[PDB]
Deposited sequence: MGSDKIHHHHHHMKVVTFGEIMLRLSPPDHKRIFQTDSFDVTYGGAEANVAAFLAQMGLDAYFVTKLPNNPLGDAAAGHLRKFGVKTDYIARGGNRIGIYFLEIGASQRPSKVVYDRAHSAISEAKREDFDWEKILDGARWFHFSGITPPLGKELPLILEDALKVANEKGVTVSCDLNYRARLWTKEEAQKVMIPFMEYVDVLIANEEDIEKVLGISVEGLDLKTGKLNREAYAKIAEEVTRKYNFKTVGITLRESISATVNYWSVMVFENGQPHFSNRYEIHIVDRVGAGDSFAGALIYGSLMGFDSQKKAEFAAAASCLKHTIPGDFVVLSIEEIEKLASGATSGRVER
């Protein structure tokens, strides 16, 4: 395959991730494995791994943790040109990777991070989105801090001025806001969104839309409903069946041109499920940029996000060939 100099931009928070090794709990550990990630950072890293020009937009402190996060992004091919520098700390999360009946557990320590306290003037959206074929954000970001909803609105107005394709992964988190606040903020943003990425909870909570029996017919019906209300070009929906922390079934649906497309369903023994939804989003963006047919978009993105479940950390380490090889069985 070939590198494609197609400029893609994502925006949000990247955090230091601290996880004990070997299914140890925080209480018991003499060390933490270190990596860096976040929903929109993980998407950028996917798109860079596929050979596009992925830029991640954020703010990091000028300290060694901010330097490391930036260098981690670059290692995976993500361009860091639009990372603002300043503020007091990097956000952190501690992750206990679960097993069997013990779920994974996250302790967040992200408050008062440099991005959370970012100002509208920190970002030149006209410069950032110049020449961009795509802009991606998630619902995790608006509630992180005071100016963040205004910062996204700034970005989305420029995207719209420039004719840039806009995706959103709804990513509802009850830790961050109530479904009422999420709806108050996110529904207006849907005017700017062309491609919706979600799961069923995200749609009930953030959009207030629901159907009985969530069954392909039901998922097809939900996507029609969101499509009729918001006129999305594409709806991508993830379908996780959480048997335990060790085994999940996984599949996706892509809805476009009025029609649902279901991928193969995989049974996965999980190494690290973190980032799997983001790799779905990455793959769906990638497929749309490449002009994949709708069925192939579903199979490719299911394959990619299945594979992420096998890779330690938040970012995929994947080639196009590896993903296609899985999708092709």
item	value
Sequence ranges absent from the coordinates, based on the deposited chain and numbered from 1	1-7, 222-228, 344-351
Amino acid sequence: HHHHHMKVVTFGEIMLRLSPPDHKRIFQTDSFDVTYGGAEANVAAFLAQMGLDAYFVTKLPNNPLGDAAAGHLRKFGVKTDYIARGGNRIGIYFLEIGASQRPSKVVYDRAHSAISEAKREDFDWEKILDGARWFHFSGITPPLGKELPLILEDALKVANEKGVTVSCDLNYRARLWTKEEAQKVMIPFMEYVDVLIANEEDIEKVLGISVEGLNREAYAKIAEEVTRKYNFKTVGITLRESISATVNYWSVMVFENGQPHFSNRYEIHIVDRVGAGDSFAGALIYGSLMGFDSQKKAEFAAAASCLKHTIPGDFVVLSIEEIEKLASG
From here on, numbers count along this sequence of modelled residues.
property	result
Mean temperature factor over C-alpha atoms, higher-scoring stretch between 205-213 and 192-200	205-213
Among modelled residues of the same chain, the CA temperature factor third for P61	middle
Cα B factor band for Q101 (lowest, middle or highest third within the chain)	lowest
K184 - which third its CA temperature factor falls in, relative to the rest of the chain	highest
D130 - Cα temperature factor, lowest/middle/highest third of chain	middle
Chain thirds of CA B-factor: placement of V158	lowest
